[PDB]
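Readers should treat all values here as calculations from the given coordinates under stated rules, not as data from a laboratory. Cβ coordinates were reconstructed from backbone atoms using ideal geometry, including for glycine residues, and neighbour counts include every protein chain displayed.
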Amino acid sequence: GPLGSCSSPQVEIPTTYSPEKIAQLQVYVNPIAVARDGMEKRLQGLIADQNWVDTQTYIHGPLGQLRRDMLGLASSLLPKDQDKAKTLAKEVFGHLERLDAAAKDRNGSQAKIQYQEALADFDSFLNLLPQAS
Ligand SMILES: [Zn+2]
Ligand SMILES: [Zn+2]
């Protein structure tokens, strides 16, 4: 009889990134680093100036693709980090929606807290990258 095994191949978990995998990941990191830098520079200042109208446009425009980008990055990580990274992508989106609502409410204290919480979870996510090790 046929010699091949019919059992599930258990090609186990990689726990380091190959250059391929790292170049592939970089395709998502690029726009995500742009968004992280823009949140630090421009969005911060817009909140500080109580410029609520431009705050909201910033979230919808420059950050409008960030959920999609982070979710694509997350699904590309080592299996070990995929779920945590996905959960963090969803947390950042959540704080940006709470941010947009604070801008609508012209509540600068609430806006600053959601901005900080969005950055804390964004930086948590970024710390899963081979860049932070
Ligand atoms: Zn959060
Ligand atoms: Zn909105």
Top of 14, 31, 62 by mean-square fluctuation, Gaussian network on the chain, Cα under 10 Å: 14
Environment charge at residue 130 (Cβ cut-off 12 Å; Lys +1, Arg +1, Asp -1, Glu -1): 0
Most packed first (mean Cβ within 10 Å per residue), the peptides 17-28, 65-76 order as 65-76, 17-28
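Go through 90/112; 41/80; 84/112; 21/41 and tell me which ones have a Cα-Cα distance over 21 Å in this structure.
Values: 90/112 19 Å; 41/80 32 Å; 84/112 25 Å; 21/41 30 Å.
Among 90/112; 41/80; 84/112; 21/41, the Cα-Cα distance tops 21 Å for 41/80; 84/112; 21/41.
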Distance histogram in 10 Å bins (all Cα pairs of the chain, percent per bin): 12, 39, 24, 13, 6, 3, 2, 0
